[PDB]
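Student: Please find one structure pasted underneath; my questions will follow.
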Amino acid sequence: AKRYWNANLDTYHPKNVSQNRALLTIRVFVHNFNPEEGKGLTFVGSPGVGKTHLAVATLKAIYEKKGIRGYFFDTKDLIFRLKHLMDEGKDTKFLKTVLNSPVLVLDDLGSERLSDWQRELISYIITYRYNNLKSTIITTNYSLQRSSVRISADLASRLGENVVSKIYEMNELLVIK
Ligand SMILES: Nc1ncnc2c1ncn2[C@@H]1O[C@H](COP(=O)(O)OP(=O)(O)O)[C@@H](O)[C@H]1O
Ligand SMILES: [Mg+2]
């Protein structure tokens, strides 16, 4: 939660054209935000680049100018949590509040490779939020450099074609450099 205590659309000081465009987009996005549209953003990019900073920021600006409460998860942390209350088998309540969330930040959704069972949980959670028009914000890592659709196949390679295709029809792509 709070290495990003300070994370605000407002500390925000962009340092290249990438970051400025990203901040403009985010601003427009938050201002027209409608839990109902199930629209989101995807932040790609090498690391230490302020992708996650911007996603926390986006989540805050939402509920500051729209009073809607999001949720912020490290994708692996979420998955790991869920598998464990899902085979202890008791809590359907955590799963439901995560799936039905009006805004959800899946930080690092899928950088690195995901074993069959984490793959299954992601596909589930994304199929659900896709079907139910639930706005979902994603940050993922991309590294080899000079776009659109390689970023597609690269993401597709550890997430699956299916999840990535859906991610695209829900989210606008913001490459931060
Ligand atoms: N433009 C910026 N303004 C303020 N802080 C930033 C900016 N870019 C990066 N940071 C800070 O740098 C650190 C790393 O950023 P992070 O969001 O984790 O990048 P990434 O998620 O791309 O790895 C964070 O603590 C974040 O607060
Ligand atoms: Mg990050």
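The chains in the structure tokens are called A, B, ... from first to last as shown; in each chain the residues are counted from 1, and the ligands are counted from 1 in the order shown.
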Please check which protein, DNA or RNA residues sit within 12 Å of ligand 1, counting only C-alpha atoms and all ligand atoms, and write them as JSON, numbers by chain.
Tutor: {"A": [1, 2, 3, 4, 5, 6, 7, 8, 9, 10, 11, 12, 13, 14, 15, 16, 17, 18, 19, 20, 22, 23, 42, 43, 44, 45, 46, 47, 48, 49, 50, 51, 52, 53, 54, 55, 56, 57, 58, 74, 106, 107, 108, 109, 111, 138, 139, 140, 141, 142, 143, 174, 175, 176, 177]}
Student: What lies within 8 Å of residue 134 of chain A using only C-alpha atoms, ignoring chain neighbours under 6 positions off, as a VMD selection string?
Tutor: chain A and resid 35 to 39 100 to 103
Student: Could you check the closest approach to residue 98 of chain A for each of A:86, A:163, A:125, A:30 and tell me which residue wins, using only C-alpha atoms?
Tutor: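 For residue 98 of chain A, the nearest of the candidates is A:125.
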Student: From chain A, collect each residue whose DSSP state is strand (DSSP E or B) and return the set as a tab-separated table (two decimals) with N, CA and C atoms, in the first residue's frame.
Tutor:
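The resulting file, result-v7.tsv, is reproduced below:
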```tsv
chain	number	residue	atom	x	y	z
A	40	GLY	N	-10.67	0.83	-18.57
A	40	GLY	CA	-9.46	0.89	-17.74
A	40	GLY	C	-8.26	1.41	-18.52
A	41	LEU	N	-7.08	1.35	-17.90
A	41	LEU	CA	-5.85	1.61	-18.61
A	41	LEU	C	-4.83	0.57	-18.34
A	42	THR	N	-3.97	0.37	-19.31
A	42	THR	CA	-2.88	-0.55	-19.14
A	42	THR	C	-1.58	0.25	-19.22
A	43	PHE	N	-0.73	0.12	-18.20
A	43	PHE	CA	0.57	0.78	-18.18
A	43	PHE	C	1.65	-0.31	-18.37
A	72	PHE	N	-6.31	-2.06	-4.51
A	72	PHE	CA	-5.01	-2.16	-5.10
A	72	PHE	C	-4.36	-3.45	-4.73
A	73	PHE	N	-4.01	-4.24	-5.73
A	73	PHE	CA	-3.31	-5.50	-5.48
A	73	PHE	C	-2.05	-5.69	-6.30
A	74	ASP	N	-1.05	-6.31	-5.70
A	74	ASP	CA	0.05	-6.90	-6.48
A	74	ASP	C	-0.51	-8.18	-7.00
A	103	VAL	N	-13.45	-0.45	-9.23
A	103	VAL	CA	-12.10	-0.19	-9.79
A	103	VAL	C	-11.13	-1.17	-9.17
A	104	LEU	N	-10.27	-1.77	-9.98
A	104	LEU	CA	-9.33	-2.74	-9.45
A	104	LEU	C	-7.98	-2.53	-10.09
A	105	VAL	N	-6.93	-2.39	-9.27
A	105	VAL	CA	-5.58	-2.27	-9.80
A	105	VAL	C	-4.84	-3.59	-9.69
A	106	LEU	N	-4.60	-4.20	-10.83
A	106	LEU	CA	-3.79	-5.38	-10.83
A	106	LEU	C	-2.37	-4.97	-11.18
A	107	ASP	N	-1.56	-4.72	-10.17
A	107	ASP	CA	-0.21	-4.24	-10.42
A	107	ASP	C	0.72	-5.35	-10.85
A	135	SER	N	-14.35	-1.96	-14.35
A	135	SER	CA	-13.17	-1.23	-14.76
A	135	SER	C	-11.96	-1.70	-14.01
A	136	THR	N	-10.95	-2.10	-14.78
A	136	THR	CA	-9.78	-2.75	-14.25
A	136	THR	C	-8.51	-2.06	-14.82
A	137	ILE	N	-7.61	-1.65	-13.91
A	137	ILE	CA	-6.37	-0.95	-14.26
A	137	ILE	C	-5.18	-1.89	-14.09
A	138	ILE	N	-4.31	-1.93	-15.09
A	138	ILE	CA	-3.24	-2.93	-15.13
A	138	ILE	C	-1.86	-2.30	-15.36
A	139	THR	N	-0.85	-2.83	-14.70
A	139	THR	CA	0.53	-2.46	-15.03
A	139	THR	C	1.29	-3.72	-15.28
A	171	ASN	N	-9.20	-1.71	-22.19
A	171	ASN	CA	-8.27	-0.72	-21.73
A	171	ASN	C	-7.59	0.02	-22.85
A	172	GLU	N	-7.24	1.28	-22.59
A	172	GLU	CA	-6.37	2.03	-23.48
A	172	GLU	C	-4.91	1.86	-23.08
A	173	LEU	N	-4.04	1.73	-24.08
A	173	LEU	CA	-2.66	1.38	-23.83
A	173	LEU	C	-1.79	2.62	-23.60
A	174	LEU	N	-1.09	2.68	-22.47
A	174	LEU	CA	-0.18	3.78	-22.19
A	174	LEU	C	1.27	3.29	-21.96
```
Student: Just asking: which residues within chain A are helix (DSSP H, G or I) according to DSSP, as a ChimeraX atom specification?
Tutor: /A:17-31,35-37,51-65,75-88,93-99,116-131,148-159,161-170
Student: Could you check which of A:75, A:127, A:32, A:25 is closest to ligand 2, using only C-alpha atoms and all ligand atoms?
Tutor: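 Of A:75, A:127, A:32, A:25, the one nearest ligand 2 is A:75, counting only C-alpha atoms and all ligand atoms.
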Student: Could you tell me how far atom CA of residue 128 of chain A lies from atom CA of residue 160 of chain A, in Å and to one decimal?
Tutor: 15.8 Å
Student: For residue 162 of chain A, which of A:144, A:126, A:133, A:85 is the closest residue, counting only C-alpha atoms?
Tutor: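 Counting only C-alpha atoms, the residue closest to residue 162 of chain A is A:126.
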Student: How far is it from atom CA of residue 169 of chain A to atom CA of residue 146 of chain A, in Å with one decimal?
Tutor: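 Value for the atom CA of residue 169 of chain A-atom CA of residue 146 of chain A distance: 23.8 Å.
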Student: For a quick check of understanding, using only C-alpha atoms, which of A:61, A:68, A:151, A:79 has the smallest distance to residue 114 of chain A?
Tutor: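 Distance minimum relative to residue 114 of chain A lands on A:79.
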Student: So, counting only C-alpha atoms and all ligand atoms, which residue among A:34, A:110, A:122, A:148 is closest to ligand 2?
Tutor: A:110
Student: Grab the atom CA of residue 112 of chain A to atom CA of residue 59 of chain A distance for me, in Å with one decimal place.
Tutor: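 Interatomic distance here is 24.4 Å.
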